[PDB]
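Structure below is query.cif: mmCIF, N, CA and C atoms.
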```
data_upload
#
loop_
_atom_site.group_PDB
_atom_site.id
_atom_site.type_symbol
_atom_site.label_atom_id
_atom_site.label_comp_id
_atom_site.auth_asym_id
_atom_site.auth_seq_id
_atom_site.Cartn_x
_atom_site.Cartn_y
_atom_site.Cartn_z
ATOM 1 N N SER A 78 0.853 -1.223 0.000
ATOM 2 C CA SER A 78 0.000 0.000 0.000
ATOM 3 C C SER A 78 0.876 1.257 0.000
ATOM 4 N N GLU A 79 0.289 2.398 0.256
ATOM 5 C CA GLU A 79 1.084 3.666 0.273
ATOM 6 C C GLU A 79 1.994 3.701 1.503
ATOM 7 N N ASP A 80 3.288 3.680 1.297
ATOM 8 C CA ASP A 80 4.234 3.713 2.454
ATOM 9 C C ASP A 80 5.470 4.535 2.087
ATOM 10 N N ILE A 81 6.545 4.375 2.818
ATOM 11 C CA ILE A 81 7.782 5.144 2.499
ATOM 12 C C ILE A 81 8.949 4.193 2.220
ATOM 13 N N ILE A 82 8.800 3.284 1.283
ATOM 14 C CA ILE A 82 9.928 2.345 0.983
ATOM 15 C C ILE A 82 10.696 2.823 -0.240
ATOM 16 N N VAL A 83 11.996 2.784 -0.170
ATOM 17 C CA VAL A 83 12.829 3.231 -1.319
ATOM 18 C C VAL A 83 13.685 2.066 -1.827
ATOM 19 N N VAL A 84 14.303 2.228 -2.966
ATOM 20 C CA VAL A 84 15.168 1.145 -3.510
ATOM 21 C C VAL A 84 16.556 1.718 -3.812
ATOM 22 N N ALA A 85 17.582 1.156 -3.232
ATOM 23 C CA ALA A 85 18.956 1.671 -3.493
ATOM 24 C C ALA A 85 19.284 1.487 -4.967
ATOM 25 N N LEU A 86 19.486 2.574 -5.673
ATOM 26 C CA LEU A 86 19.793 2.488 -7.131
ATOM 27 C C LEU A 86 21.306 2.494 -7.379
ATOM 28 N N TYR A 87 22.108 2.445 -6.340
ATOM 29 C CA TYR A 87 23.595 2.429 -6.527
ATOM 30 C C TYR A 87 24.238 1.722 -5.332
ATOM 31 N N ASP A 88 25.366 1.099 -5.539
ATOM 32 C CA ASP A 88 26.038 0.372 -4.420
ATOM 33 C C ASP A 88 26.628 1.368 -3.413
ATOM 34 N N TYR A 89 26.542 1.065 -2.140
ATOM 35 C CA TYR A 89 27.098 1.991 -1.101
ATOM 36 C C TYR A 89 27.445 1.206 0.171
ATOM 37 N N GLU A 90 28.242 1.779 1.047
ATOM 38 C CA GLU A 90 28.626 1.057 2.304
ATOM 39 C C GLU A 90 28.460 1.963 3.532
ATOM 40 N N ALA A 91 28.132 1.382 4.659
ATOM 41 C CA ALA A 91 27.947 2.186 5.914
ATOM 42 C C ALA A 91 29.210 2.998 6.237
ATOM 43 N N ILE A 92 29.051 4.120 6.899
ATOM 44 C CA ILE A 92 30.230 4.971 7.264
ATOM 45 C C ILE A 92 30.043 5.554 8.681
ATOM 46 N N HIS A 93 28.968 6.272 8.910
ATOM 47 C CA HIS A 93 28.734 6.894 10.261
ATOM 48 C C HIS A 93 28.195 5.865 11.267
ATOM 49 N N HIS A 94 27.716 6.328 12.400
ATOM 50 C CA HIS A 94 27.180 5.391 13.444
ATOM 51 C C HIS A 94 25.911 4.693 12.941
ATOM 52 N N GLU A 95 24.789 5.377 12.942
ATOM 53 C CA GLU A 95 23.519 4.749 12.450
ATOM 54 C C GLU A 95 23.504 4.758 10.918
ATOM 55 N N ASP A 96 24.494 4.158 10.307
ATOM 56 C CA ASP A 96 24.566 4.128 8.814
ATOM 57 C C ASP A 96 24.003 2.808 8.279
ATOM 58 N N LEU A 97 23.943 2.653 6.980
ATOM 59 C CA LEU A 97 23.396 1.390 6.401
ATOM 60 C C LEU A 97 24.000 1.126 5.017
ATOM 61 N N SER A 98 24.501 -0.065 4.796
ATOM 62 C CA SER A 98 25.100 -0.398 3.471
ATOM 63 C C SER A 98 24.066 -1.077 2.576
ATOM 64 N N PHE A 99 23.933 -0.616 1.359
ATOM 65 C CA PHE A 99 22.951 -1.240 0.416
ATOM 66 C C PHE A 99 23.606 -1.489 -0.944
ATOM 67 N N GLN A 100 22.843 -1.963 -1.895
ATOM 68 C CA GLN A 100 23.411 -2.258 -3.242
ATOM 69 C C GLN A 100 22.699 -1.449 -4.330
ATOM 70 N N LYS A 101 23.143 -1.609 -5.543
ATOM 71 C CA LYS A 101 22.566 -0.847 -6.696
ATOM 72 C C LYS A 101 21.084 -1.108 -6.943
ATOM 73 N N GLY A 102 20.586 -2.199 -6.478
ATOM 74 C CA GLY A 102 19.145 -2.530 -6.703
ATOM 75 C C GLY A 102 18.559 -3.130 -5.431
ATOM 76 N N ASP A 103 18.909 -2.579 -4.300
ATOM 77 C CA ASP A 103 18.372 -3.129 -3.002
ATOM 78 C C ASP A 103 17.075 -2.427 -2.587
ATOM 79 N N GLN A 104 16.408 -2.942 -1.582
ATOM 80 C CA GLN A 104 15.148 -2.309 -1.105
ATOM 81 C C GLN A 104 15.257 -1.966 0.381
ATOM 82 N N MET A 105 14.879 -0.771 0.738
ATOM 83 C CA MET A 105 14.942 -0.341 2.166
ATOM 84 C C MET A 105 13.687 0.450 2.512
ATOM 85 N N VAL A 106 13.250 0.377 3.738
ATOM 86 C CA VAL A 106 12.037 1.141 4.142
ATOM 87 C C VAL A 106 12.493 2.439 4.794
ATOM 88 N N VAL A 107 11.688 3.458 4.760
ATOM 89 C CA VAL A 107 12.103 4.747 5.397
ATOM 90 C C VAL A 107 11.476 4.855 6.785
ATOM 91 N N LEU A 108 12.236 5.328 7.721
ATOM 92 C CA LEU A 108 11.743 5.484 9.111
ATOM 93 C C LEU A 108 11.219 6.909 9.296
ATOM 94 N N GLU A 109 11.828 7.852 8.624
ATOM 95 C CA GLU A 109 11.384 9.274 8.732
ATOM 96 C C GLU A 109 11.790 10.053 7.474
ATOM 97 N N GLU A 110 11.340 11.276 7.352
ATOM 98 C CA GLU A 110 11.699 12.106 6.159
ATOM 99 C C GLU A 110 12.324 13.429 6.617
ATOM 100 N N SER A 111 13.568 13.662 6.281
ATOM 101 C CA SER A 111 14.240 14.928 6.703
ATOM 102 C C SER A 111 14.472 15.839 5.494
ATOM 103 N N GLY A 112 15.419 15.500 4.652
ATOM 104 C CA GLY A 112 15.695 16.348 3.455
ATOM 105 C C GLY A 112 16.875 15.777 2.660
ATOM 106 N N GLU A 113 18.070 16.226 2.951
ATOM 107 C CA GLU A 113 19.274 15.730 2.203
ATOM 108 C C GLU A 113 19.502 14.231 2.448
ATOM 109 N N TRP A 114 19.443 13.801 3.683
ATOM 110 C CA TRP A 114 19.663 12.355 3.992
ATOM 111 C C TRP A 114 18.495 11.827 4.834
ATOM 112 N N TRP A 115 18.033 10.631 4.561
ATOM 113 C CA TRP A 115 16.886 10.065 5.348
ATOM 114 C C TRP A 115 17.316 8.794 6.088
ATOM 115 N N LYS A 116 16.572 8.406 7.094
ATOM 116 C CA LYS A 116 16.918 7.168 7.866
ATOM 117 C C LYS A 116 16.045 5.995 7.393
ATOM 118 N N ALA A 117 16.631 4.929 6.883
ATOM 119 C CA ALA A 117 15.796 3.776 6.404
ATOM 120 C C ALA A 117 16.273 2.423 6.971
ATOM 121 N N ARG A 118 15.429 1.415 6.893
ATOM 122 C CA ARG A 118 15.790 0.066 7.401
ATOM 123 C C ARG A 118 15.884 -0.938 6.242
ATOM 124 N N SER A 119 17.045 -1.507 6.037
ATOM 125 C CA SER A 119 17.213 -2.514 4.948
ATOM 126 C C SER A 119 16.560 -3.834 5.366
ATOM 127 N N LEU A 120 15.566 -4.269 4.631
ATOM 128 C CA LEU A 120 14.872 -5.550 4.975
ATOM 129 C C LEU A 120 15.796 -6.743 4.717
ATOM 130 N N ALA A 121 16.751 -6.591 3.831
ATOM 131 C CA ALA A 121 17.691 -7.718 3.534
ATOM 132 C C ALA A 121 18.401 -8.169 4.817
ATOM 133 N N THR A 122 18.505 -7.294 5.788
ATOM 134 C CA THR A 122 19.175 -7.669 7.069
ATOM 135 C C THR A 122 18.428 -7.066 8.271
ATOM 136 N N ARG A 123 17.223 -6.563 8.073
ATOM 137 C CA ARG A 123 16.443 -5.961 9.211
ATOM 138 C C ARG A 123 17.278 -4.908 9.944
ATOM 139 N N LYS A 124 18.182 -4.262 9.253
ATOM 140 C CA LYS A 124 19.022 -3.215 9.911
ATOM 141 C C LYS A 124 18.544 -1.843 9.456
ATOM 142 N N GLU A 125 19.061 -0.784 10.023
ATOM 143 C CA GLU A 125 18.605 0.572 9.594
ATOM 144 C C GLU A 125 19.656 1.640 9.867
ATOM 145 N N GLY A 126 19.721 2.614 8.999
ATOM 146 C CA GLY A 126 20.703 3.716 9.166
ATOM 147 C C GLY A 126 20.358 4.847 8.199
ATOM 148 N N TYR A 127 21.354 5.483 7.641
ATOM 149 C CA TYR A 127 21.113 6.611 6.689
ATOM 150 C C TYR A 127 21.104 6.109 5.243
ATOM 151 N N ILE A 128 20.501 6.858 4.352
ATOM 152 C CA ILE A 128 20.469 6.458 2.914
ATOM 153 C C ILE A 128 20.429 7.722 2.032
ATOM 154 N N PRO A 129 21.467 7.940 1.246
ATOM 155 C CA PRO A 129 21.505 9.143 0.364
ATOM 156 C C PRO A 129 20.257 9.226 -0.528
ATOM 157 N N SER A 130 19.403 10.184 -0.261
ATOM 158 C CA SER A 130 18.150 10.346 -1.069
ATOM 159 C C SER A 130 18.462 10.660 -2.538
ATOM 160 N N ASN A 131 19.554 11.333 -2.800
ATOM 161 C CA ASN A 131 19.897 11.696 -4.213
ATOM 162 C C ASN A 131 20.328 10.461 -5.028
ATOM 163 N N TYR A 132 20.589 9.347 -4.385
ATOM 164 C CA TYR A 132 21.002 8.117 -5.138
ATOM 165 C C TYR A 132 20.038 6.965 -4.824
ATOM 166 N N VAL A 133 18.756 7.231 -4.836
ATOM 167 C CA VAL A 133 17.765 6.161 -4.520
ATOM 168 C C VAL A 133 16.406 6.480 -5.143
ATOM 169 N N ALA A 134 15.516 5.532 -5.111
ATOM 170 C CA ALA A 134 14.150 5.747 -5.678
ATOM 171 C C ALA A 134 13.100 5.521 -4.582
ATOM 172 N N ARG A 135 12.324 6.527 -4.262
ATOM 173 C CA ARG A 135 11.306 6.382 -3.190
ATOM 174 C C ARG A 135 9.945 5.965 -3.759
ATOM 175 N N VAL A 136 9.366 4.929 -3.207
ATOM 176 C CA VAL A 136 8.035 4.448 -3.675
ATOM 177 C C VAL A 136 7.123 4.186 -2.466
ATOM 178 N N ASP A 137 5.831 4.200 -2.674
ATOM 179 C CA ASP A 137 4.879 3.959 -1.574
ATOM 180 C C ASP A 137 4.132 2.643 -1.819
ATOM 181 N N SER A 138 4.822 1.535 -1.732
ATOM 182 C CA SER A 138 4.162 0.215 -1.959
ATOM 183 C C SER A 138 4.515 -0.754 -0.827
#
```

Step by step, read the file and then write its structure as structure tokens.
Amino acid sequence: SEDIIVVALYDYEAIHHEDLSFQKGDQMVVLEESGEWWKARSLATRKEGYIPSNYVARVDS
């Protein structure tokens, strides 16, 4: 349904504390919406951290 799940469109690796590593075609859910960077949870490992919004695709499904 309508939600805040995005898909990593590029490979990346965790760096800061609450960070999250994803791949070029991975799927992650969003926990909140800020602006430049958002906090999401990768279902591939039930983990969660930051995700560059400029390198991802946000969908509500």

Report task. Evaluate the PyMOL selection byres ((chain A and resi 131) around 8) on the structure here and hand back the selected residues as an NGL selection string. Result -> :A and (86 or 112-115 or 128-130 or 132-134)

Report task. Report as an MDAnalysis selection string: the residues of chain A with a DSSP assignment of strand (DSSP E or B), based on the backbone of this structure. Result -> chainID A and resid 82:85 103:107 114:119 124:129 133:136

For the residues in the current selection, export N, CA and C atoms as a PDB file, in the coordinates of the input.
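Saved to result.pdb:
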```pdb
ATOM      1  N   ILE A  82       8.800   3.284   1.283  1.00  0.00           N
ATOM      2  CA  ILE A  82       9.928   2.345   0.983  1.00  0.00           C
ATOM      3  C   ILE A  82      10.696   2.823  -0.240  1.00  0.00           C
ATOM      4  N   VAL A  83      11.996   2.784  -0.170  1.00  0.00           N
ATOM      5  CA  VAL A  83      12.829   3.231  -1.319  1.00  0.00           C
ATOM      6  C   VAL A  83      13.685   2.066  -1.827  1.00  0.00           C
ATOM      7  N   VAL A  84      14.303   2.228  -2.966  1.00  0.00           N
ATOM      8  CA  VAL A  84      15.168   1.145  -3.510  1.00  0.00           C
ATOM      9  C   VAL A  84      16.556   1.718  -3.812  1.00  0.00           C
ATOM     10  N   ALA A  85      17.582   1.156  -3.232  1.00  0.00           N
ATOM     11  CA  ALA A  85      18.956   1.671  -3.493  1.00  0.00           C
ATOM     12  C   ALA A  85      19.284   1.487  -4.967  1.00  0.00           C
ATOM     13  N   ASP A 103      18.909  -2.579  -4.300  1.00  0.00           N
ATOM     14  CA  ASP A 103      18.372  -3.129  -3.002  1.00  0.00           C
ATOM     15  C   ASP A 103      17.075  -2.427  -2.587  1.00  0.00           C
ATOM     16  N   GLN A 104      16.408  -2.942  -1.582  1.00  0.00           N
ATOM     17  CA  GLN A 104      15.148  -2.309  -1.105  1.00  0.00           C
ATOM     18  C   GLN A 104      15.257  -1.966   0.381  1.00  0.00           C
ATOM     19  N   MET A 105      14.879  -0.771   0.738  1.00  0.00           N
ATOM     20  CA  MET A 105      14.942  -0.341   2.166  1.00  0.00           C
ATOM     21  C   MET A 105      13.687   0.450   2.512  1.00  0.00           C
ATOM     22  N   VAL A 106      13.250   0.377   3.738  1.00  0.00           N
ATOM     23  CA  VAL A 106      12.037   1.141   4.142  1.00  0.00           C
ATOM     24  C   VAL A 106      12.493   2.439   4.794  1.00  0.00           C
ATOM     25  N   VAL A 107      11.688   3.458   4.760  1.00  0.00           N
ATOM     26  CA  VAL A 107      12.103   4.747   5.397  1.00  0.00           C
ATOM     27  C   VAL A 107      11.476   4.855   6.785  1.00  0.00           C
ATOM     28  N   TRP A 114      19.443  13.801   3.683  1.00  0.00           N
ATOM     29  CA  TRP A 114      19.663  12.355   3.992  1.00  0.00           C
ATOM     30  C   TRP A 114      18.495  11.827   4.834  1.00  0.00           C
ATOM     31  N   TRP A 115      18.033  10.631   4.561  1.00  0.00           N
ATOM     32  CA  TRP A 115      16.886  10.065   5.348  1.00  0.00           C
ATOM     33  C   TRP A 115      17.316   8.794   6.088  1.00  0.00           C
ATOM     34  N   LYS A 116      16.572   8.406   7.094  1.00  0.00           N
ATOM     35  CA  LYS A 116      16.918   7.168   7.866  1.00  0.00           C
ATOM     36  C   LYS A 116      16.045   5.995   7.393  1.00  0.00           C
ATOM     37  N   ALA A 117      16.631   4.929   6.883  1.00  0.00           N
ATOM     38  CA  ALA A 117      15.796   3.776   6.404  1.00  0.00           C
ATOM     39  C   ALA A 117      16.273   2.423   6.971  1.00  0.00           C
ATOM     40  N   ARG A 118      15.429   1.415   6.893  1.00  0.00           N
ATOM     41  CA  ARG A 118      15.790   0.066   7.401  1.00  0.00           C
ATOM     42  C   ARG A 118      15.884  -0.938   6.242  1.00  0.00           C
ATOM     43  N   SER A 119      17.045  -1.507   6.037  1.00  0.00           N
ATOM     44  CA  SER A 119      17.213  -2.514   4.948  1.00  0.00           C
ATOM     45  C   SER A 119      16.560  -3.834   5.366  1.00  0.00           C
ATOM     46  N   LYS A 124      18.182  -4.262   9.253  1.00  0.00           N
ATOM     47  CA  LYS A 124      19.022  -3.215   9.911  1.00  0.00           C
ATOM     48  C   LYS A 124      18.544  -1.843   9.456  1.00  0.00           C
ATOM     49  N   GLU A 125      19.061  -0.784  10.023  1.00  0.00           N
ATOM     50  CA  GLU A 125      18.605   0.572   9.594  1.00  0.00           C
ATOM     51  C   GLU A 125      19.656   1.640   9.867  1.00  0.00           C
ATOM     52  N   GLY A 126      19.721   2.614   8.999  1.00  0.00           N
ATOM     53  CA  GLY A 126      20.703   3.716   9.166  1.00  0.00           C
ATOM     54  C   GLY A 126      20.358   4.847   8.199  1.00  0.00           C
ATOM     55  N   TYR A 127      21.354   5.483   7.641  1.00  0.00           N
ATOM     56  CA  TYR A 127      21.113   6.611   6.689  1.00  0.00           C
ATOM     57  C   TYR A 127      21.104   6.109   5.243  1.00  0.00           C
ATOM     58  N   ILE A 128      20.501   6.858   4.352  1.00  0.00           N
ATOM     59  CA  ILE A 128      20.469   6.458   2.914  1.00  0.00           C
ATOM     60  C   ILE A 128      20.429   7.722   2.032  1.00  0.00           C
ATOM     61  N   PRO A 129      21.467   7.940   1.246  1.00  0.00           N
ATOM     62  CA  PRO A 129      21.505   9.143   0.364  1.00  0.00           C
ATOM     63  C   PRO A 129      20.257   9.226  -0.528  1.00  0.00           C
ATOM     64  N   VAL A 133      18.756   7.231  -4.836  1.00  0.00           N
ATOM     65  CA  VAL A 133      17.765   6.161  -4.520  1.00  0.00           C
ATOM     66  C   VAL A 133      16.406   6.480  -5.143  1.00  0.00           C
ATOM     67  N   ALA A 134      15.516   5.532  -5.111  1.00  0.00           N
ATOM     68  CA  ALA A 134      14.150   5.747  -5.678  1.00  0.00           C
ATOM     69  C   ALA A 134      13.100   5.521  -4.582  1.00  0.00           C
ATOM     70  N   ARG A 135      12.324   6.527  -4.262  1.00  0.00           N
ATOM     71  CA  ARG A 135      11.306   6.382  -3.190  1.00  0.00           C
ATOM     72  C   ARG A 135       9.945   5.965  -3.759  1.00  0.00           C
ATOM     73  N   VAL A 136       9.366   4.929  -3.207  1.00  0.00           N
ATOM     74  CA  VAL A 136       8.035   4.448  -3.675  1.00  0.00           C
ATOM     75  C   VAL A 136       7.123   4.186  -2.466  1.00  0.00           C
TER      76      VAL A 136
END
```

Requested in this report: Just give me the gap between atom N of residue 121 in chain A and CA of residue 85 in chain A in Å, one decimal is fine.
Outcome: 11.3 Å

Query raised in the report: Nearest to residue 92 in chain A among A:118, A:136, A:127, A:109, with distances taken over only N, CA and C atoms: which residue is it?
Result: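 Ranked by minimum distance to residue 92 in chain A, first place goes to A:127.
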
Query - Selection: 12 Å around residue 79 in chain A, only C-alpha atoms, excl. self and same-chain fewer than 4 positions, as an NGL selection string - result: :A and (83 or 106 or 135-138)

Query raised in the report: So what do you get for CA of residue 126 in chain A versus CA of residue 91 in chain A, distance-wise?
Result: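 That distance, rounded to one decimal, is 8.1 Å.
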
Requested in this report: Report the distance between CA of residue 105 in chain A and CA of residue 80 in chain A in Å, rounded to one decimal place.
Outcome: 11.5 Å
